[PDB]
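In the structure tokens that follow, the same protein chain appears in two forms, which are kept apart as structure 1 and structure 2.
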Structure 1
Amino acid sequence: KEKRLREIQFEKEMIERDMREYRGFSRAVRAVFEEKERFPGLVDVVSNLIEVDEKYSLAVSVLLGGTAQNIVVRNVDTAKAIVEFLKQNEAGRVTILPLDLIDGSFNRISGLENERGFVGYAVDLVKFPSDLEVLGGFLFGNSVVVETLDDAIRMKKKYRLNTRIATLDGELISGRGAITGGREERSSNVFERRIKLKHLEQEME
């Protein structure tokens, strides 16, 4: 019974480490964070600022793609600073999302909810700390979830706009028409490591 905690503890935090050390991310994202002092305008990587329910955990994840490890910053200067820092030490590339530059606009369409296989707006599966509301409109708000890739293709042809669409199976159709899909073993569920803690944390309660 005590070994039961010895076994919990050794991960309910042995994992907090990989987190507070960004193990899944690129050499580059890492280099940038161990020098986090040089960048006061730095905030955090996307996957640490989004609140999604343990449920559609895997949902959102797909709509994001590698955007999970985009670095959010307060302003463009911090961005320039990082781009310069990396460019010097040839530490690799990264994608920065400056809060004072990204577009957060997004539109709702009437009757969409009454379309074949609809399933709700992506924005409805996430929460943001207000001072990050744009980051929300930028990452979602223009995305929609449907049932099947066929529903997706149909929809994308009818409205033929620039709306992102994710199927329940995990496919994605970019605003311009690119179809991303397929499966693997690594699961690649960006929010996993965190969910494995929304558990391990209160699990050992």
Structure 2
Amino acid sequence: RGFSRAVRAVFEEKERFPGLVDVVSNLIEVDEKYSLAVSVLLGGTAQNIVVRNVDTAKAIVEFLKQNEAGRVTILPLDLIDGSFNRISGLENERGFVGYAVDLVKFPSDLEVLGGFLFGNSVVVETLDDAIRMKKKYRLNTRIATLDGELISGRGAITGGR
């Protein structure tokens, strides 16, 4: 565990929840190369709890609400959406590294998560590229730089610790 404490409470009573599966960070494999890019791209979702059914999700919510052990985000595989579409041409753009999904691996059946957690979100060399590209294809998608910066699908820029 080492983390969440809200997630911990949830798992150290896993019996109470049938549909339970695992927190994202655990059931995900990311190519060390662009690990940092994916990381910022993920954000808090690295601690999302994946459950099989919504009922178990509500059970957790109600559970935490009682014990007040904190707040969490649950991902019911039966409700979440993993659809997404690539954009023809981005691959030839300058600075273009690749799509999130293509830079991550998920245990066979849990293929959805990729689509869900990322979708068409992309990675690039630098901020300038991200900006310059978001301006072009008026991307409503997310773009993170190898440097660690990020641009929301809506245009919010985050970076530089």
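Quick note, the numbers are simply positions in structure 1, starting from 1. Each form is matched to the other, and the largest set of C-alpha atoms that superpose within 1.5 Å is called the rigid core.
Q: Given a rigid core superposition of the two forms, which one of 35, 44, 54, 169 has its CA shift by 2 angstroms or more between structures 1 and 2?
A: Result of the superposition: 54 is the only one at 2 Å or more.
Q: Taking the rigid core as fixed, quantify in angstrom how much the C-alpha of residue 116 shifts between structures 1 and 2.
A: Residue 116 is displaced by 2.5 Å at its C-alpha.
Q: So with the rigid core superposed, the C-alpha of residue 67 shifts by how many Å between structures 1 and 2?
A: Looking at the C-alpha of residue 67 between structures 1 and 2, the offset is 0.6 Å.
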